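Undergrad: Shown below is the structure under consideration.
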Ligand SMILES: Nc1ncnc2c1ncn2[C@@H]1O[C@H](COP(=O)(O)OP(=O)(O)O)[C@@H](O)[C@H]1O
Ligand SMILES: Nc1ncnc2c1ncn2[C@@H]1O[C@H](COP(=O)(O)OP(=O)(O)O)[C@@H](O)[C@H]1O
Ligand code: SF4
Ligand code: SF4
């Protein structure tokens with residue numbers, strides 16, 4: 006999510022929800038014996054005659070609701086918490102009732118009167134405020150400027166806004182030795198960020214020749230880390246040029262799928278060929294549980310549905326123990342050509358380094 | 178779109194839980210790994226059972242089975258609704274049936290063990306279809322086949338006003354079950370009042386004097402053909418009548434069976450020789466699947482199209498591939514026919530037992546070639562073959578030289594205690610373990626899967642393949658096979674052809690294959706020995722001669738000319754009295770490859 010911690014005791018926190026998993030985090034922290042303040046709206050009901058007729062109303066503003074049940078609802082993406090009111094504006098005198106509310110995006114405050122644990126504060130901060138990433142690494146390289154951004158759901162910022170200070174062709178021919186210098190610089194800065202953030206493509210886009218010109222230079226300089234040119238729409242630069250490149254560009258979503266998918270099926274093939282080798286395949290709750298404890302699992306491949314199974318705890322632990330042992334754990338769509346076989350296999354497949362019986 | 182059922186068949190006759198550990202299945206099974214019941218143990222009958230309701234069809238258990246007692250297939254859910262009979266879960270299943278018809282000859286082509294014979298029992302009143310459910314009545318059968326001509330069959334079948342007579346898939350049961358003569362028998366079984374016509378057309382008037390056990394192959398077979406027609410029945414089902422008949426016989430028996438259609442009687446026929454099949458049938462069925470897991474009969478076709486489609490391996494009516502390459506043949510212009518080195522030469526021999534006479538003209542044997550022997554039975558094809566084989570000493574002449582001869586006898590009977598692997602292994606362990614004999618002989622004839630049963634515990638078609646393979650794994654200069662054709666199917670017949678051809682050509686060795694099935698001759702033969710005279714009396718073996726010049730020479734004494742089909746390439750037999758029949762016979766070229 007995006008977190009701001011406004012009070013060193015967590016008497017004021019300011020939290021948000023952007024994605025499904027954020028809510029699952031918010032669920033996991035919130036218990037009985039908390040009050041969440043927020044900023045909803047609860048209406049009245051009034052008035053009436055001597056008897057009963059028709060008429061209703063509404064109001065706005067914040068509040069707080071006590072925790073009495075904690076319920077989690079699908080096709081809504083909303084964690085309801087119900088029970089009694091204890092904070093409102095009094096200008097109308099509307100106290101004397103209960104009031105459900107849902108923790109969402111926008112401000113949600115959380116506090117615990119007997120005072121939070123280490124695990125609780127940790128869980129919050131587990132989801133990273135800046136950006137957990139998806140790619141989230143887009144460039145736009147036009148004659149007037151070079152730009153390069155990190156656009157996450159949790160917030161949005163052009164990382165470099167460096168200027169060429171030069172034309173494409175308008176000042177003279179501009180095929181300078183200070184253009185050769187410039188492009189080398191551009192490539193370097195992008196290369197260092199791309200690696201550091203660990204998402205491996207950028208989309209170059211631009212007018213006329215320029216976009217192409219640059220890709221050619223990148224391939225020629227050094228072998229790439231994966232680069233693609235897409236035409237996209239550009240005819241502006243700055244925050245709105247980068248923004249326009251992203252909007253009509255389902256490129257971001259589609260590429261991120263293809264990269265994950267690749268990793269599963271590469272590993273998939275390997276599991277086939279290892280199954281023949283005696284004692285190096287693990288698979289099958291017992292067997293896998295047995296390698297993971299002895300710390301010999303190289304790779305753990307599990308379909309994401311098994312993480313959200315009915316046993317969820319074991320799965321996470323097996324992954325947690327492997328990641329600590331410096332294996333890599335792969336979490337992957339079940340739509341994929343590799344993902345569908347991890348259903349069939351049963352759920353867990355792991356590649357060992359050395360034999361566990 | 179999607180839709181899919183999993184179907185598991187386990188050939189239990191191949192499973193042995195104690196040899197693979199403890200049911201390697203449930204152990205290796207992913208679903209069972211994660212606390213599931215894909216594979217369950219029948220701890221009583223001691224067998225494994227796959228609950229298709231689970232099995233993801235991942236196929237791990239299949240790859241693991243130390244033998245190959247497991248098959249798991251993923252169906253599109255369609256054929257499954259046309260399911261006819263299941264022998265119990267993890268057991269053979271039939272889909273669909275052959276559609277028999279009155280006054281017509283309904284053909285069947287397709288490899289053994291695909292429940293050709295399952296369908297016969299179904300139709301014979303002796304097995305009620307469960308329709309892969311739990312049924313034990315006719316009525317659900319009659320409904321299921323609503324929109325089709327077989328409803329009418331099951332209604333009559335239940336009133337029991339028709340009963341089909343069946344010429345069994347193996348014969349040589351009547352000699353050890355029915356004693357006394359062919360003369361006698363044929364009076365006894367008589368009920369059709371057509372005794373005269375039958376015995377004469379199938380030429381068993383000399384064959385009456387002998388007792389059943391004293392018959393040769395051709396004769397025993399034909400005597401069954403006779404005794405089936407003299408039993409009273411409208412519906413006659415012949416399973417493999419091509420067994421041990423010679424080239425002259427099989428064409429003449431075909432005419433006899435065809436004349437039934439004219440009498441308005443319903444013939445249902447299995448044949449494995451495309452020329453004989455073309456000639457008899459008027460409808461044709463293709464049967465596809467891998468043996469012992471499932472069989473499905475296709476839709477009825479007009480003979481010609483049906484055969485074309487079998488060869489292509491692709492069904493355009495049903496949209497099914499069932500063999501990933503095409504049936505093909507060898508002309509004489511698709512070879513190098515160049516002369517090779519003389520291995521040995523034989524002078525004039527003449528053998529007279531005093532109950533048959535043979536004269537063998539002077540002849541050359543060349544090394545590196547495959548000589549086909551042709552002629553009608555009892556013409557001493559066998560007398561020649563046996564003189565080189567050492568079981569018979571020539572009366573005059575010499576053939577018995579310092580060539581070692583490898584001899585596959587005419588009948589097959591077992592006398593061997595121990596397994597298929599014992600029997601082969603003592604001949605040449607070495608050959609068994611080399612990649613060639615594995616690509617060409619052993620693997621496509623099923624022998625890898627057969628090592629677990631005893632020789633005596635093998636059935637006719639498996640045991641035939643086992644005899645054949647045995648003879649060619651003997652260490653010999655020259656290979657003698659007397660009539661391997663018997664009880665082989667179309668695919669098997671062809672596989673044996675490709676195996677003989679490759680093995681003989683590669684090590685440049687001689688083999689003699691006494692032959693009568695048109696297709697094997699058409700592929701394998703480099704040279705030919707045509708036999709003539711009057712059978713049962715005298716034979717005159719004419720020297721070896723070219724494949725074409727031989728089939729020309731011989732075909733002219735049978736009246737029957739052969740073309741080359743234009744649809745996809747196969748030997749086309751031409752009807753006696755046709756355009757092509759007349760053009761070939763007038764122009765002294767009686768054959769084309
Ligand atoms: N009585 C039986 N019990 C179990 N399996 C059988 C039985 N009869 C036949 N089968 C199996 O069914 C398959 C097809 O049978 P069959 O009709 O004899 O085939 P085809 O006539 O094509 O050779 C074979 O794999 C065979 O072993
Ligand atoms: N030892 C024998 N004594 C007398 N007649 C024999 C003997 N062996 C074979 N025959 C007869 O020779 C004839 C031809 O025999 P064979 O060469 O086996 O024929 P085919 O062409 O069917 O292989 C048969 O009529 C058979 O009864
Ligand atoms: S099916 Fe194969 S692996 Fe399973 S019990 Fe039988 S022989 Fe063993
Ligand atoms: S195919 Fe797979 S899932 Fe089905 S029984 Fe065999 S191993 Fe179990």
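Protein chains in written order, with our numbering: chain U, 6 to 362; chain X, 178 to 770.
Just so it is clear, CB atoms sit at the ideal spot from N, CA and C, and this is done for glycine as well.
Report yes or no: do the segment 400 to 412 of chain X and the segment 342 to 353 of chain X share at least 3 C-beta pairs separated by less than 8 angstroms?
TA: Touching, yes.
Undergrad: What are the residues of the segment 269 to 292 of chain U that lie near chain X, defined by any Cβ-Cβ distance shorter than 9 angstroms?
TA: Within the segment 269 to 292 of chain U, the qualifying residues are 280, 288, 289, 290, 291, 292.
Undergrad: Who are the near neighbours of residue 242 (chain U) in its chain, counting only those whose CB is closer than 8 angstroms to its CB and skipping five residues on each side?
TA: Here residue 242 (chain U) refers to the residue found at position 237 when the first chain is read from its first residue. Result list for residue 242 (chain U): 145, 147, 149, 150, 152, in chain order.
Undergrad: Tell me residue 269 (chain X)'s beta-bridge partners as DSSP assigns them.
TA: Counting from one through the second chain, the residue named residue 269 (chain X) turns up at place 92. Answer is none; residue 269 (chain X) lacks a bridge partner.
Undergrad: Excluding the 5 residues preceding and the 5 following residue 717 (chain X) in the sequence, name in chain order all residues of the same chain whose CB lies nearer than 6 angstroms to its CB.
TA: Working through the second chain from its first residue, we reach residue 717 (chain X) at position 540. Counting only Cβ-Cβ distances below 6 angstroms, and skipping sequence neighbours, we find 536, 709, 710.
Undergrad: Three or more C-beta pairs under 8 angstroms: does that hold for the segment 722 to 732 of chain X against the segment 486 to 498 of chain X?
TA: Touching, no.
Undergrad: Keeping to the same chain, check which residues put their C-beta closer than 6 angstroms to that of residue 330 (chain U); ignore five residues upstream and five downstream.
TA: By one-based count along the first chain, residue 330 (chain U) stands at place 325. The answer, listed in chain order, is 300.
Undergrad: Please name the residue, chosen from X:219, X:183, X:212, that lies closest to residue 193 (chain X) on a Cα-to-Cα basis.
TA: The count along the second chain starts at 1 and reaches residue 193 (chain X) at position 16. Minimum Cα distance to residue 193 (chain X) is reached at X:219.
Undergrad: Could you pull out every residue in the same chain whose Cβ sits closer than 7 angstroms to the Cβ of residue 352 (chain U), ignoring the five residues on either side in sequence?
TA: Along the first chain, one-based indexing puts residue 352 (chain U) at 347. Cβ within range, chain order: 307, 308, 311.
Undergrad: Considering only C-alpha positions, which residue in the set X:424, X:552, X:367 is nearest to residue 406 (chain X)?
TA: The residue you call residue 406 (chain X) lines up with position 229 of the second chain. Comparing Cα positions, the closest option is X:367.
Undergrad: What's the C-alpha gap between residue 679 (chain X) and residue 553 (chain X)?
TA: Taking the first residue of the second chain as 1, we reach residue 679 (chain X) at position 502. Taking the first residue of the second chain as 1, we reach residue 553 (chain X) at position 376. Those two C-alpha atoms are separated by around 28 angstroms.
Undergrad: Going along the chain, which residues of the segment 203 to 218 of chain X sit with their C-beta nearer than 8 angstroms to a C-beta in chain U?
TA: Per Cβ criterion, the list reads 207, 208, 210, 211, 212, 213.
Undergrad: Mind listing which residues of the segment 215 to 248 of chain X have their C-beta closer than 7 angstroms to chain U's C-betas, in chain order?
TA: For the segment 215 to 248 of chain X, which is checked against every Cβ of chain U, the residues closer than 7 angstroms are 233, 235.
Undergrad: Could you spell out the range, first to last residue, of the beta strand (DSSP E) harbouring residue 717 (chain X)?
TA: What you label residue 717 (chain X) is simply residue 540 of the second chain in a count that begins at 1. That run of the beta strand (DSSP E) goes 715 to 718.
Undergrad: Could you tell me how far apart the beta carbons of residue 206 (chain U) and residue 159 (chain U) are, in whole angstroms, since I believe they sit closer than 8 angstroms?
TA: In the first chain, residue 206 (chain U) corresponds to position 201, counting from 1. In the first chain, residue 159 (chain U) corresponds to position 154, counting from 1. Incorrect: roughly 21 angstroms between the Cβ atoms, too far for contact.
Undergrad: State yes or no: is the beta carbon of residue 135 (chain U) nearer than 7 angstroms to at least one beta carbon in chain X?
TA: Within the first chain, residue 135 (chain U) is the residue found at index 130, counting from 1. For residue 135 (chain U), the answer is no, since every Cβ of chain X falls outside 7 angstroms of its Cβ.
Undergrad: Run through the DSSP bridge pairs and tell me what residue 89 (chain U) is partnered with.
TA: Walking along the first chain from the start, residue 89 (chain U) turns up at place 84. Per DSSP, U:103.
Undergrad: Under DSSP, the beta strand (DSSP E) around residue 288 (chain U) begins and ends at which residues?
TA: What you label residue 288 (chain U) is simply residue 283 of the first chain in a count that begins at 1. Taken as a continuous stretch (DSSP letters only), the beta strand (DSSP E) holding residue 288 (chain U) covers 286 to 288.
Undergrad: If you count every other CB in all the chains shown that lies within 10 Å of the CB of residue 49 (chain U), and 16 or more means buried, which is it?
TA: For this step, residue 49 (chain U) is matched to residue 44 along the first chain. Exposed, by the Cβ-count rule.
Undergrad: Does residue 350 (chain U) come within less than 7 angstroms of chain X when only Cβ atoms are used?
TA: For the purposes of this step, residue 350 (chain U) is taken as residue 345 along the first chain, with counting starting at 1. By this cut-off, residue 350 (chain U) is an interface position.
Undergrad: Please return the same chain residues whose Cβ sits closer than 6 angstroms to the Cβ of residue 703 (chain X), not counting the five positions on each side in sequence.
TA: As a first step, residue 703 (chain X) must be located in the second chain, where it is residue number 526. Closer than 6 angstroms at the Cβ level, and outside the excluded window around residue 703 (chain X), lie 546, 547.
Undergrad: Measuring from each Cβ to the nearest heavy atom of ligand 2, keep the ones under 6 angstroms and list them in chain order.
TA: My final list is X:393, X:530, X:532, X:533, X:554, X:555, X:556, X:557, X:558, X:559, X:560, X:713.
Undergrad: Would the C-beta of residue 550 (chain X) count as close to ligand 3, meaning under 6 angstroms from any of its heavy atoms?
TA: For the purposes of this step, residue 550 (chain X) is identified with residue 373 of the second chain, where counting begins at 1. Flag unset: Cβ of residue 550 (chain X) not near ligand 3.
Undergrad: State the Cα-Cα distance for the pair residue 271 (chain X) and residue 208 (chain U), rounded to the nearest angstrom.
TA: Taking the first residue of the second chain as 1, we reach residue 271 (chain X) at position 94. Taking the first residue of the first chain as 1, we reach residue 208 (chain U) at position 203. Approximately 58 angstroms between the Cα atoms of the pair.
Undergrad: With respect to the beta strand (DSSP E) encompassing residue 740 (chain X), which residues constitute its N-terminal and C-terminal limits?
TA: Here residue 740 (chain X) refers to the residue found at position 563 of the second chain. 739 to 741 is the extent of the beta strand (DSSP E) around residue 740 (chain X).
Undergrad: Work out the CA separation of residue 25 (chain U) and residue 191 (chain X) for me, nearest whole Å.
TA: Start at 1 with the first residue of the second chain, and residue 191 (chain X) comes out as number 14. Start at 1 with the first residue of the first chain, and residue 25 (chain U) comes out as number 20. Approximately 53 angstroms, taken between the alpha carbons.
Undergrad: Using three-state DSSP, classify residue 79 (chain U) as helix, strand or coil.
TA: Numbered from 1 along the first chain, position 74 holds the residue referred to as residue 79 (chain U). Note: residue 79 (chain U) maps to coil in three-state DSSP.
Undergrad: Over what stretch of residues does the alpha helix (DSSP H) that includes residue 426 (chain X) continue unbroken?
TA: Position 249 of the second chain, counting from 1, holds the residue named residue 426 (chain X). First-last of the alpha helix (DSSP H) with residue 426 (chain X): 424 to 439.
Undergrad: Got a sec, what are the start and stop residues for the alpha helix (DSSP H) residue 57 (chain U) sits in?
TA: By 1-based counting over the first chain, the position of residue 57 (chain U) is 52. Per DSSP, residue 57 (chain U) belongs to no alpha helix (DSSP H) and is neither H nor E.
Undergrad: Residue 169 (chain U) to residue 9 (chain U), Cα distance in whole Å?
TA: Within the first chain, numbered from 1, the residue matching residue 169 (chain U) stands at position 164. Within the first chain, numbered from 1, the residue matching residue 9 (chain U) stands at position 4. Approximately 36 angstroms between the Cα atoms of the pair.
Undergrad: As an exercise, report each continuous beta strand (DSSP E) stretch of at least 3 residues that is fully enclosed by the segment 104 to 160 of chain U, in chain order.
TA: Fully enclosed beta strand (DSSP E) runs of 3 or longer: 106 to 108, 114 to 116, 143 to 146, 151 to 157.
Undergrad: Just the residues with CB closer than 6 angstroms to a heavy atom of ligand 4, in chain order, which are they?
TA: This criterion selects X:206, X:207, X:208, X:215, X:216, X:227, X:232, X:233, X:234, X:235, X:236, X:237, X:238, X:249.
Undergrad: Apply the 10 Å Cβ neighbour rule to residue 188 (chain X) and answer buried if 16 or more other Cβ atoms are within range, or exposed otherwise.
TA: By 1-based counting over the second chain, the position of residue 188 (chain X) is 11. Per the 10 Å Cβ criterion, buried.
Undergrad: On the criterion of 16 or more Cβ atoms from any shown chain inside 10 Å, does residue 391 (chain X) qualify as buried, or is it exposed?
TA: The residue labelled residue 391 (chain X) in the question sits at position 214 within the second chain. When all chains shown are included, residue 391 (chain X) counts as exposed.
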